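Below you'll find the structure, written out as structure tokens, and then a few comments.
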Amino acid sequence: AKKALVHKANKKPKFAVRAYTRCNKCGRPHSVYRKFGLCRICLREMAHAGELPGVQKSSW
Amino acid sequence: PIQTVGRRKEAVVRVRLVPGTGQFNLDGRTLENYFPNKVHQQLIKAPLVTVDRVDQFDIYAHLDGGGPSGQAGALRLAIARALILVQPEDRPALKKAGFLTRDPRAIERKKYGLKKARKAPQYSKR
Amino acid sequence: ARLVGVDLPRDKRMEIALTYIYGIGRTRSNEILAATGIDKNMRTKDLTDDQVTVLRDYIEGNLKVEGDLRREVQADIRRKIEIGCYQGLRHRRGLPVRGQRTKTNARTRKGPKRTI
Amino acid sequence: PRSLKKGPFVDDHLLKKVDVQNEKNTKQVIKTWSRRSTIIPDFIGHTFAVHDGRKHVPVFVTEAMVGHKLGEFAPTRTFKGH
Amino acid sequence: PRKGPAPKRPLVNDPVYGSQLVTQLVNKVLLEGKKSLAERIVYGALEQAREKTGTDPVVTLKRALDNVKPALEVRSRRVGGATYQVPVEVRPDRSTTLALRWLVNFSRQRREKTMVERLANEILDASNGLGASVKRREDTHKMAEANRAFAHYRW
Amino acid sequence: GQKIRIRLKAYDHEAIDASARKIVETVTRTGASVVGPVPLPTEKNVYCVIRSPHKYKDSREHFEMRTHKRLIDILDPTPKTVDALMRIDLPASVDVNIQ
Amino acid sequence: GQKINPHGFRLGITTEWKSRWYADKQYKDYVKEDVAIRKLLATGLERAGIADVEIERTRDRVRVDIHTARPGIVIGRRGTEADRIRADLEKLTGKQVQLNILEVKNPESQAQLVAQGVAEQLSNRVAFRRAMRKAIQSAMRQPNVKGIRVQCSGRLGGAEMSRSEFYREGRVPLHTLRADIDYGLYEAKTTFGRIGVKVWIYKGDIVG
RNA sequence: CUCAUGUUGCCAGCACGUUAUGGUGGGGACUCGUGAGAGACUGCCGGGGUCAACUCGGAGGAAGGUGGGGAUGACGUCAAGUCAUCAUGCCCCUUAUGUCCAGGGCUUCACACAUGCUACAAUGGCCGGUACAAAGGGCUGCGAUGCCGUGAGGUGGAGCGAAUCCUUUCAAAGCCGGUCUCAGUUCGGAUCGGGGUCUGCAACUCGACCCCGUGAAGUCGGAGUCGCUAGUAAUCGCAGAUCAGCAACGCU
RNA sequence: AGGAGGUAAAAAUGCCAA
Ligand SMILES: [Zn+2]
């Protein structure tokens with residue numbers, strides 16, 4: 001992302017519906033989970049590294 | 001007393017046995033009102049038929065989970081196990097018919113990339 | 001029979017029979033028959049002139065159908081194409097007026113499919 | 001269609017501008033970027049230049065144009081054919 | 001089945017009549033994943049045939065079956081760039097399946113407004129040896145006999 | 001009497017096991033009635049993710065999150081039992097809700 | 001993409017999580033704080049090998065455990081570097097930060113540190129073959145290590161091509177779940193770009 | 001299958017309930033939830049096997065011959081994809097190729113391809129009654145009984161950080177009964193006219209849903225081609241992520 | 001260990017780096 005956009009996403013928007021997510025680690029607007037605040041890529045990386053307490057590879 | 005359970009693809013039943021006549025009570029309803037289907041009724045009554053001891057048993061059941069055919073299978077298995085608990089020598093006849101074998105057939109997990117289970121989406125090499 | 005200019009089908013249950021009027025459907029037929037008092041399961045054969053009068057009276061009093069409705073519809077289309085609205089331009093070009101996908105579909109507005 | 005409880009949507013900028021022009025009774029061309037404001041009966045006699053994204057197109061209001069948004073009368077994309 | 005034959009499924013005996021042929025017919029007329037509907041259709045057809053003839057529905061169904069069951073078949077294989085139709089014997093189970101499928105498929109094409117009626121009429125007609133299924137069996141036998149010259153491949 | 005309900009939430013299994021043991025030992029050292037570690041159904045929050053950046057959508061990879069629960073109930077909460085239960089130290093992976 | 005991260009493959013069975021805390025309503029804040037913390041500690045000190053960073057949180061107090069190759073550089077004797085890093089962790093407003101610096105006992109048995117050392121060598125000027133061989137020998141000397149595989153791919157020696165080279169010794173059963181596999185990966189900064197070094201070190205099995 | 005286990009989960013034996021139900025005092029009995037463990041190993045028998053693998057058959061068992069399904073991609077190939085997750089060598093912009101805002105576009109349409117959904121009807125459509133699931137989600141969220149609307153919905157706020165409460169006590173196909181009577185129809189639902197609700201600063205370009213009217217093509221589809229071998233194909237409904245609201249007929 | 005019989009309608013081209 002562009003640092004202008006990354007910052008602007010944290011500013012208080014003048015209208016409520018103007019705010020979006022923008023993953024904390026990498027600033028990727030698309031595919032961001034609400035629980036982690038990480039995009040899919042950063043979530044996969046950090047979960048494989050084991051830095052999500054409780055997130056583990058699933059198989060059922 | 002006597003209790004036993006049957007399970008078939010997410011349908012569990014518990015059968016309490018009474019040695020009276022042959023009436024059926026499934027959560028307060030008869031075998032005709034509960035399972036109003038001839039094939040299922042025969043599936044329920046088959047172990048009694050093969051053991052030749054029909055209408056010696058009143059039974060009360062609790063059927064939770066699954067659907068009609070699954071509950072029929074569960075009730076069949078529970079009835080067969082109750083007959084074994086009553087008389088062990090029934091086992092050569094009952095088990096030979098397969099009425100004691102729990103059917104381990106359950107829904108297959110849906111897998112990603114496929115539309116459901118094993119059916120794959122349409123393909124074109126063009 | 002004959003109703004407000006429409007020759008009703010020979011043998012139909014009444015609630016279906018009235019739907020052949022341009023301004024009436026199933027819900028309107030059920031409403032009309034219930035308000036008037038004539039059974040909706042009644043055939044069109046046994047229909048009686050006294051009944052025909054009562055249905056004609058009620059529907060003329062309480063609904064605008066047939067030529068009036070049709071001319072009102074074309075008048076509204078005419079107004080919106082007159083004022084030059086976006087919907088008017090869509091009506092002109094013969095394309096979907098509700099913002100529907102035009103890239104591939106909309107063959108029902110484009111009519112028969114002509115190849116290039 | 002906006003709910004009736006909320007009432008018609010006219011943004012205060014052009015609402016006040018039109019009020020001023022019709023209070024002074026002078027019919028001047030209004031340059032506005034508001035495609036999202038509905039037309040109110042007080043707008044019958046005025047003329048608007050609304051933005052189509054590229055230029056300002058003059059729009060003259062009539063009686064039959066009451067209840068529609070300003071933007072409807074300025075086409076945006078241009079199609080001539082193939 | 002490159003490594004061998006597959007095991008065959010355990011068909012059950014019908015409750016109402018006690019013939020497994022009735023259950024096989026129910027399975028072949030089954031559609032859309034609804035067993036009870038097909039079961040009821042077959043029961044209605046059997047009752048209608050029983051009413052029409054005054055005899056045993058299972059007996060008349062069996063009679064229709066061995067009236068439509070074919071004995072010699074045609075299996076096509078291309079030999080030397082020109083395809084040939086090779087007469088081949090049929091095993092009883094294959095014949096029964098083929099006859100049942102012909103019966104149902106041709107009964108769905110009848111004109112009597114309800115499947116519970118078309119199936120009964122087609123079964124009755126085949127019991128009399130007149131129906132489209134019987135005609136189909138006749139054409140199959142005719143095409144089997146027309147190419148006895150090509151039975152020498154024996155494949 | 002008074003009933004004090006202790007709820008244990010954990011991501012790991014052995015952590016909740018050890019916490020339940022320690023809670024029981026501590027309270028019964030003070031002479032109070034315990035029902036025991038009653039288990040509860042474990043939540044599973046599932047997340048499916050495309051493995052690669054930029055397309056290749058049919059290749060996905062599934063994650064899960066397990067939340068195990070045990071229920072601890074003490075009867076006749078002696079003030080000494082309450083005081084001990086406030087002072088009990090437990091690992092970070094466990095969450096103790098006292099009420 | 002062929003092989004998954006071994007640490008994530010074995011997370012529930014052999015290995016453990018690098019951060020232990022539980023919060024449901026605060027999960028977002030906790031994870032963003034953790035990302036800030038790890039970014040800070042990664043960008044700060046490259047001199048001393050930072051083998052692993054562990055974070056524990058309980059209410060207001062925050063505990064950070066860091067494993068290091070040489071703690072002498074991590075904290076000044078007067079406490080200067082500790083003062084800097086605690087000041088940064090207070091900038092990250094974790095409220096109370098009880099910070100412990102720990103020393104990893106065997107240096108060449110840790111795959112992360114092996115990869116870091118090979119990256120240092122390969123970044124200065126060292127030949128990649130020499131780097132891999134030195135790493136393999138150093139790791140195999142120590143007893144607990146059973147097998148090791150060292151792989152580095154990129155522009156090796158300044159060539160205008162992408163070459164991948166892997167050196168193996170002993171046993172590296174990647175597909176064995178009970179096998180204690182410790183994985184490490186570093187990206188070396190050179191003049192011709194950035195090249196990565198992955199190391200697998202297999203030290204017996206874990207039987208639970 | 002065994003041991004442990006009794007709440008918010010079950011209720012066999014007791015009692016209290018009477019409208020409404022385990023609803024309540026109580027009870028571990030059967031479920032069930034989740035911990036520990038047993039249990040398939042050609043383990044036994046018979047025949048083939050070089051007396052070896054391994055194979056054919058049988059008993060016992062819930063299961064028999066890698067029980068079913070997941071997770072699991074060796075060395076490499078395609079200069080395969082991604083400098084738009086991120087990082088980075090080199091080159092280029094720096095008064096713009098940076099950055100702020102309003103409006104617009106990414107939805108344009110004479111066409112072609114591809115993936116799907118609804119259908120073309122009677123194994124069906126419509127109407128009334130009635131029976132059975134699992135898995136999930138919920139804090140400035142899920143939001144009940146009730147009152148007002150025909151219906152989207154409005155007022156209100158019970159109760160729940162949830163085995164408790166809400167998402168109805170949870171389904172649709174299914175079963176029973178009535179009607180339609182083979183027809184471009186009581187099929188089909190597009191398109192179009194009118195009247196509304198809700199989210200939202202804002203539904204014109206460009207949201208979803210409801211009511212009234214409208215009632216197109218479509219009669220099982222050419223050459224050709226696709227998926228699937230048991231709880232599989234075929235169908236029937238349900239929940240979630242993203243999300244204020246949704247283009248969800250998509251994906252899991 | 002020795003040994004016999006039977007077994008193909010048509011199907012063209014593909015640029016000169018890495
Ligand atoms: Zn990210």
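Simple scheme: letters A, B, ... for chains in structure tokens order, numbers from 1 for residues in each chain, numbers from 1 for ligands in the order shown.
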- request: For ligand 1, list the contacting residues at 6 Å or closer, counting only C-alpha atoms (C1' of nucleotides) and all ligand atoms, as a PyMOL selection string.
  value: (chain A and resi 23+25-28+38-39+41-42) or (chain H and resi 85)
Next, the residues of the selection above should be written as a PDB file, in the first residue's frame with N, CA and C atoms (P, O5', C5', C4', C3', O3' and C1' of nucleotides).
```
ATOM      1  N   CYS A  23      -5.245  -4.293   6.690  1.00  0.00           N
ATOM      2  CA  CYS A  23      -4.429  -5.144   7.564  1.00  0.00           C
ATOM      3  C   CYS A  23      -3.279  -4.410   8.242  1.00  0.00           C
ATOM      4  N   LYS A  25      -0.404  -5.381   9.678  1.00  0.00           N
ATOM      5  CA  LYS A  25       0.979  -5.717   9.373  1.00  0.00           C
ATOM      6  C   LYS A  25       1.434  -5.158   8.033  1.00  0.00           C
ATOM      7  N   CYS A  26       0.602  -5.281   7.001  1.00  0.00           N
ATOM      8  CA  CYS A  26       1.044  -4.976   5.649  1.00  0.00           C
ATOM      9  C   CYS A  26       0.166  -3.967   4.920  1.00  0.00           C
ATOM     10  N   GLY A  27      -0.966  -3.571   5.486  1.00  0.00           N
ATOM     11  CA  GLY A  27      -1.816  -2.605   4.810  1.00  0.00           C
ATOM     12  C   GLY A  27      -2.462  -3.101   3.535  1.00  0.00           C
ATOM     13  N   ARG A  28      -2.984  -4.311   3.540  1.00  0.00           N
ATOM     14  CA  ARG A  28      -3.663  -4.838   2.364  1.00  0.00           C
ATOM     15  C   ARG A  28      -5.165  -4.702   2.539  1.00  0.00           C
ATOM     16  N   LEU A  38      -5.446  -8.933  10.357  1.00  0.00           N
ATOM     17  CA  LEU A  38      -4.425  -9.287   9.391  1.00  0.00           C
ATOM     18  C   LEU A  38      -5.084  -9.744   8.101  1.00  0.00           C
ATOM     19  N   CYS A  39      -4.443  -9.419   6.990  1.00  0.00           N
ATOM     20  CA  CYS A  39      -4.828  -9.952   5.697  1.00  0.00           C
ATOM     21  C   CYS A  39      -4.547 -11.445   5.678  1.00  0.00           C
ATOM     22  N   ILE A  41      -2.620 -13.230   3.829  1.00  0.00           N
ATOM     23  CA  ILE A  41      -1.208 -13.589   3.695  1.00  0.00           C
ATOM     24  C   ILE A  41      -0.485 -13.449   5.029  1.00  0.00           C
ATOM     25  N   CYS A  42      -0.665 -12.306   5.696  1.00  0.00           N
ATOM     26  CA  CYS A  42      -0.008 -12.102   6.983  1.00  0.00           C
ATOM     27  C   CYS A  42      -0.531 -13.069   8.031  1.00  0.00           C
TER      28      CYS A  42
ATOM     29  P     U H  85       1.112  -8.107  -4.963  1.00  0.00           P
ATOM     30  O5'   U H  85       0.997  -7.812  -3.407  1.00  0.00           O
ATOM     31  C5'   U H  85      -0.125  -7.121  -2.892  1.00  0.00           C
ATOM     32  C4'   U H  85      -0.137  -7.148  -1.388  1.00  0.00           C
ATOM     33  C3'   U H  85       1.096  -6.589  -0.705  1.00  0.00           C
ATOM     34  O3'   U H  85       1.112  -5.175  -0.649  1.00  0.00           O
ATOM     35  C1'   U H  85       0.548  -8.648   0.276  1.00  0.00           C
TER      36        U H  85
END
```
- request: Return as a PyMOL selection string the full set of residues in stretch 83-114 of chain B whose backbone-based DSSP assignment is alpha helix (DSSP H).
  value: chain B and resi 83-86+91-96
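The environment of stretch 51-68 of chain C within 9 Å, counting only C-alpha atoms (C1' of nucleotides) and disregarding residues fewer than 6 places along the same chain, consists of residues 1, 2, 3, 4, 5, 21, 22, 23, 24, 32, 33, 35, 36 and 38 of chain C.
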- prompt: Residues at most 12 Å from stretch 9-13 of chain I, counting only C-alpha atoms (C1' of nucleotides), excluding those fewer than 6 positions away in the same chain, as an MDAnalysis selection string?
  reply: chainID E and resid 78:83
Okay, now the selection with C-alpha atoms, as a JSON list (two decimals), in the first residue's frame?
```json
[["chain", "number", "residue", "atom", "x", "y", "z"],
["E", 78, "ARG", "CA", -14.45, -51.14, -34.81],
["E", 79, "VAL", "CA", -12.37, -53.70, -36.72],
["E", 80, "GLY", "CA", -10.16, -52.64, -39.61],
["E", 81, "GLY", "CA", -11.42, -49.07, -39.86],
["E", 82, "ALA", "CA", -15.06, -50.12, -40.32],
["E", 83, "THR", "CA", -17.14, -50.58, -37.18]]
```
At a cut-off of 8 Å, can you tabulate as a tab-separated table every residue of stretch 6-74 of chain F near stretch 24-42 of chain H together with its closest atom pair and the distance in Å to one decimal, using only C-alpha atoms (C1' of nucleotides) and ordering rows by chain then number?
```
residue	atom	partner	partner_atom	distance
F:39	CA	H:34	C1'	5.8
F:40	CA	H:33	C1'	6.1
F:41	CA	H:33	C1'	5.7
```
Could you write out that same residue set with N, CA, C and O atoms as a short mmCIF file (atom, residue, chain, number, x, y, z; two decimals), in the first residue's frame?
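Saved to part28.cif:
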```cif
data_model
loop_
_atom_site.label_atom_id
_atom_site.label_comp_id
_atom_site.auth_asym_id
_atom_site.auth_seq_id
_atom_site.Cartn_x
_atom_site.Cartn_y
_atom_site.Cartn_z
N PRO F 39 -16.60 -30.69 32.19
CA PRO F 39 -16.19 -30.20 30.87
C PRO F 39 -17.35 -29.55 30.14
O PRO F 39 -18.52 -29.82 30.43
N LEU F 40 -17.03 -28.71 29.17
CA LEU F 40 -17.99 -28.05 28.31
C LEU F 40 -17.57 -28.18 26.86
O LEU F 40 -16.40 -28.42 26.55
N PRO F 41 -18.52 -28.07 25.92
CA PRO F 41 -18.16 -28.19 24.51
C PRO F 41 -17.15 -27.14 24.08
O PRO F 41 -17.17 -26.00 24.55
#
```
Any chance you could tabulate, as a Markdown table, the residues of chain H at most 12 Å from chain A with each one's nearest atom pair and distance in Å to one decimal, using only C-alpha atoms (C1' of nucleotides), in chain and rising number order?
```
| residue | atom | partner | partner_atom | distance |
| --- | --- | --- | --- | --- |
| H:69 | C1' | A:60 | CA | 7.9 |
| H:70 | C1' | A:60 | CA | 5.3 |
| H:71 | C1' | A:59 | CA | 5.4 |
| H:72 | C1' | A:59 | CA | 10.6 |
| H:84 | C1' | A:1 | CA | 8.4 |
| H:85 | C1' | A:28 | CA | 6.1 |
| H:86 | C1' | A:26 | CA | 6.8 |
| H:87 | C1' | A:26 | CA | 11.4 |
| H:98 | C1' | A:4 | CA | 10.0 |
| H:99 | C1' | A:4 | CA | 7.6 |
| H:100 | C1' | A:4 | CA | 10.3 |
| H:199 | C1' | A:17 | CA | 10.6 |
| H:200 | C1' | A:17 | CA | 7.4 |
| H:201 | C1' | A:15 | CA | 6.6 |
| H:202 | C1' | A:15 | CA | 10.5 |
| H:241 | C1' | A:33 | CA | 7.9 |
| H:242 | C1' | A:31 | CA | 6.7 |
| H:243 | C1' | A:20 | CA | 10.4 |
| H:244 | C1' | A:17 | CA | 6.7 |
| H:245 | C1' | A:17 | CA | 10.4 |
```
For residue C:100: contacts at 12 Å, only C-alpha atoms (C1' of nucleotides), fewer than 2 positions along chain excluded, given as JSON, numbers by chain: {"C": [90, 95, 96, 97, 98, 102, 103, 104, 105, 106, 107, 108, 109], "H": [107, 108, 191, 205, 206, 247]}
Convert the current residue selection to file output with N, CA and C atoms (P, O5', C5', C4', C3', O3' and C1' of nucleotides), as a PDB file, in the first residue's frame.
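The result, stored in again-v3.pdb:
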```
ATOM      1  N   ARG C  90     -32.937   5.329 -21.954  1.00  0.00           N
ATOM      2  CA  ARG C  90     -32.885   3.872 -22.001  1.00  0.00           C
ATOM      3  C   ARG C  90     -34.067   3.311 -22.781  1.00  0.00           C
ATOM      4  N   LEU C  95     -32.754  -0.376 -24.243  1.00  0.00           N
ATOM      5  CA  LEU C  95     -31.844  -1.096 -23.366  1.00  0.00           C
ATOM      6  C   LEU C  95     -32.450  -1.165 -21.970  1.00  0.00           C
ATOM      7  N   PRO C  96     -31.934  -2.008 -21.077  1.00  0.00           N
ATOM      8  CA  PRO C  96     -32.529  -2.103 -19.738  1.00  0.00           C
ATOM      9  C   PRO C  96     -32.511  -0.766 -19.021  1.00  0.00           C
ATOM     10  N   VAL C  97     -33.632  -0.446 -18.377  1.00  0.00           N
ATOM     11  CA  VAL C  97     -33.779   0.847 -17.722  1.00  0.00           C
ATOM     12  C   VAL C  97     -33.491   0.793 -16.228  1.00  0.00           C
ATOM     13  N   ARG C  98     -33.270  -0.391 -15.667  1.00  0.00           N
ATOM     14  CA  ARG C  98     -33.007  -0.540 -14.245  1.00  0.00           C
ATOM     15  C   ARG C  98     -31.537  -0.793 -13.942  1.00  0.00           C
ATOM     16  N   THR C 102     -25.482  -5.132 -19.296  1.00  0.00           N
ATOM     17  CA  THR C 102     -25.717  -5.007 -20.724  1.00  0.00           C
ATOM     18  C   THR C 102     -24.574  -5.602 -21.538  1.00  0.00           C
ATOM     19  N   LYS C 103     -23.436  -5.873 -20.898  1.00  0.00           N
ATOM     20  CA  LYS C 103     -22.270  -6.396 -21.603  1.00  0.00           C
ATOM     21  C   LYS C 103     -22.578  -7.692 -22.338  1.00  0.00           C
ATOM     22  N   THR C 104     -23.262  -8.636 -21.686  1.00  0.00           N
ATOM     23  CA  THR C 104     -23.601  -9.908 -22.320  1.00  0.00           C
ATOM     24  C   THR C 104     -25.110 -10.100 -22.395  1.00  0.00           C
ATOM     25  N   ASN C 105     -25.824  -9.923 -21.293  1.00  0.00           N
ATOM     26  CA  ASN C 105     -27.250 -10.199 -21.227  1.00  0.00           C
ATOM     27  C   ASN C 105     -28.060  -9.057 -21.819  1.00  0.00           C
ATOM     28  N   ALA C 106     -29.338  -8.988 -21.438  1.00  0.00           N
ATOM     29  CA  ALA C 106     -30.293  -7.980 -21.886  1.00  0.00           C
ATOM     30  C   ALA C 106     -30.813  -8.335 -23.264  1.00  0.00           C
ATOM     31  N   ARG C 107     -30.712  -9.612 -23.628  1.00  0.00           N
ATOM     32  CA  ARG C 107     -31.266 -10.052 -24.898  1.00  0.00           C
ATOM     33  C   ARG C 107     -32.781  -9.903 -24.933  1.00  0.00           C
ATOM     34  N   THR C 108     -33.436  -9.881 -23.770  1.00  0.00           N
ATOM     35  CA  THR C 108     -34.881  -9.673 -23.758  1.00  0.00           C
ATOM     36  C   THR C 108     -35.264  -8.240 -24.110  1.00  0.00           C
ATOM     37  N   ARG C 109     -34.346  -7.286 -23.953  1.00  0.00           N
ATOM     38  CA  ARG C 109     -34.592  -5.919 -24.396  1.00  0.00           C
ATOM     39  C   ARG C 109     -34.044  -5.710 -25.801  1.00  0.00           C
TER      40      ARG C 109
ATOM     41  P     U H 107     -16.357  -3.375 -14.796  1.00  0.00           P
ATOM     42  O5'   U H 107     -17.741  -2.636 -14.550  1.00  0.00           O
ATOM     43  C5'   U H 107     -18.463  -2.060 -15.633  1.00  0.00           C
ATOM     44  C4'   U H 107     -19.907  -2.486 -15.607  1.00  0.00           C
ATOM     45  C3'   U H 107     -20.864  -1.640 -16.439  1.00  0.00           C
ATOM     46  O3'   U H 107     -21.919  -2.481 -16.903  1.00  0.00           O
ATOM     47  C1'   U H 107     -21.531  -1.583 -14.188  1.00  0.00           C
ATOM     48  P     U H 108     -22.467  -2.359 -18.405  1.00  0.00           P
ATOM     49  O5'   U H 108     -22.057  -0.888 -18.847  1.00  0.00           O
ATOM     50  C5'   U H 108     -23.020   0.031 -19.338  1.00  0.00           C
ATOM     51  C4'   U H 108     -22.381   1.021 -20.276  1.00  0.00           C
ATOM     52  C3'   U H 108     -22.490   0.695 -21.761  1.00  0.00           C
ATOM     53  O3'   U H 108     -23.646   1.278 -22.333  1.00  0.00           O
ATOM     54  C1'   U H 108     -20.265   1.380 -21.180  1.00  0.00           C
ATOM     55  P     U H 191     -35.100  -8.646 -15.509  1.00  0.00           P
ATOM     56  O5'   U H 191     -35.968  -7.847 -16.572  1.00  0.00           O
ATOM     57  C5'   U H 191     -35.487  -7.619 -17.886  1.00  0.00           C
ATOM     58  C4'   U H 191     -36.579  -7.093 -18.781  1.00  0.00           C
ATOM     59  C3'   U H 191     -37.282  -5.836 -18.301  1.00  0.00           C
ATOM     60  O3'   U H 191     -36.568  -4.666 -18.645  1.00  0.00           O
ATOM     61  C1'   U H 191     -38.885  -7.435 -18.974  1.00  0.00           C
ATOM     62  P     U H 205     -29.542   4.241 -11.570  1.00  0.00           P
ATOM     63  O5'   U H 205     -28.218   4.572 -12.391  1.00  0.00           O
ATOM     64  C5'   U H 205     -28.260   4.952 -13.757  1.00  0.00           C
ATOM     65  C4'   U H 205     -26.909   5.410 -14.247  1.00  0.00           C
ATOM     66  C3'   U H 205     -25.734   4.518 -13.879  1.00  0.00           C
ATOM     67  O3'   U H 205     -25.583   3.430 -14.772  1.00  0.00           O
ATOM     68  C1'   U H 205     -25.185   6.794 -13.480  1.00  0.00           C
ATOM     69  P     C H 206     -25.061   2.018 -14.227  1.00  0.00           P
ATOM     70  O5'   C H 206     -25.913   1.790 -12.904  1.00  0.00           O
ATOM     71  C5'   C H 206     -26.131   0.481 -12.397  1.00  0.00           C
ATOM     72  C4'   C H 206     -26.042   0.448 -10.894  1.00  0.00           C
ATOM     73  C3'   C H 206     -27.129   1.220 -10.152  1.00  0.00           C
ATOM     74  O3'   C H 206     -27.393   0.564  -8.919  1.00  0.00           O
ATOM     75  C1'   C H 206     -25.027   2.077  -9.561  1.00  0.00           C
ATOM     76  P     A H 247     -26.568 -10.200  -2.216  1.00  0.00           P
ATOM     77  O5'   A H 247     -26.192 -10.065  -3.753  1.00  0.00           O
ATOM     78  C5'   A H 247     -26.392  -8.833  -4.437  1.00  0.00           C
ATOM     79  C4'   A H 247     -25.995  -8.936  -5.883  1.00  0.00           C
ATOM     80  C3'   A H 247     -24.598  -9.504  -6.126  1.00  0.00           C
ATOM     81  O3'   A H 247     -24.605 -10.325  -7.290  1.00  0.00           O
ATOM     82  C1'   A H 247     -24.758  -7.338  -7.068  1.00  0.00           C
TER      83        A H 247
END
```
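Inside chain D, the residues DSSP reads as strand (DSSP E) when given the backbone are residues 30, 31, 32, 47, 48, 49, 50, 51, 56, 57, 58, 59 and 60 of chain D.
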Selection from above, N, CA and C atoms, as a PDB file, in the first residue's frame, can you write it?
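Ended up saving to again14.pdb:
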```pdb
ATOM      1  N   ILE D  30     -27.010  28.082 -12.013  1.00  0.00           N
ATOM      2  CA  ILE D  30     -26.294  27.565 -10.854  1.00  0.00           C
ATOM      3  C   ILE D  30     -25.317  26.494 -11.318  1.00  0.00           C
ATOM      4  N   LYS D  31     -24.054  26.648 -10.939  1.00  0.00           N
ATOM      5  CA  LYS D  31     -23.039  25.632 -11.183  1.00  0.00           C
ATOM      6  C   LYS D  31     -22.970  24.746  -9.946  1.00  0.00           C
ATOM      7  N   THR D  32     -23.346  23.479 -10.100  1.00  0.00           N
ATOM      8  CA  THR D  32     -23.435  22.553  -8.980  1.00  0.00           C
ATOM      9  C   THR D  32     -22.841  21.203  -9.350  1.00  0.00           C
ATOM     10  N   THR D  47     -32.539  27.182 -13.551  1.00  0.00           N
ATOM     11  CA  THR D  47     -31.724  26.410 -14.473  1.00  0.00           C
ATOM     12  C   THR D  47     -30.440  26.027 -13.763  1.00  0.00           C
ATOM     13  N   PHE D  48     -30.010  24.784 -13.952  1.00  0.00           N
ATOM     14  CA  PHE D  48     -28.834  24.266 -13.270  1.00  0.00           C
ATOM     15  C   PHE D  48     -27.811  23.791 -14.283  1.00  0.00           C
ATOM     16  N   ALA D  49     -26.540  23.991 -13.952  1.00  0.00           N
ATOM     17  CA  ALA D  49     -25.430  23.391 -14.682  1.00  0.00           C
ATOM     18  C   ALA D  49     -24.817  22.330 -13.779  1.00  0.00           C
ATOM     19  N   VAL D  50     -25.110  21.068 -14.070  1.00  0.00           N
ATOM     20  CA  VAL D  50     -24.682  19.952 -13.240  1.00  0.00           C
ATOM     21  C   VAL D  50     -23.494  19.269 -13.904  1.00  0.00           C
ATOM     22  N   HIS D  51     -22.624  18.702 -13.075  1.00  0.00           N
ATOM     23  CA  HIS D  51     -21.386  18.096 -13.545  1.00  0.00           C
ATOM     24  C   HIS D  51     -21.628  16.663 -13.992  1.00  0.00           C
ATOM     25  N   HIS D  56     -19.887  20.870 -17.297  1.00  0.00           N
ATOM     26  CA  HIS D  56     -21.153  21.260 -16.692  1.00  0.00           C
ATOM     27  C   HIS D  56     -22.198  21.432 -17.784  1.00  0.00           C
ATOM     28  N   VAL D  57     -23.292  20.687 -17.673  1.00  0.00           N
ATOM     29  CA  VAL D  57     -24.338  20.686 -18.691  1.00  0.00           C
ATOM     30  C   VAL D  57     -25.536  21.468 -18.167  1.00  0.00           C
ATOM     31  N   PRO D  58     -26.060  22.428 -18.929  1.00  0.00           N
ATOM     32  CA  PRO D  58     -27.211  23.204 -18.452  1.00  0.00           C
ATOM     33  C   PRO D  58     -28.477  22.361 -18.440  1.00  0.00           C
ATOM     34  N   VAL D  59     -29.195  22.407 -17.321  1.00  0.00           N
ATOM     35  CA  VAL D  59     -30.429  21.653 -17.140  1.00  0.00           C
ATOM     36  C   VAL D  59     -31.525  22.638 -16.758  1.00  0.00           C
ATOM     37  N   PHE D  60     -32.568  22.718 -17.581  1.00  0.00           N
ATOM     38  CA  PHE D  60     -33.708  23.587 -17.320  1.00  0.00           C
ATOM     39  C   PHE D  60     -34.833  22.758 -16.716  1.00  0.00           C
TER      40      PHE D  60
END
```
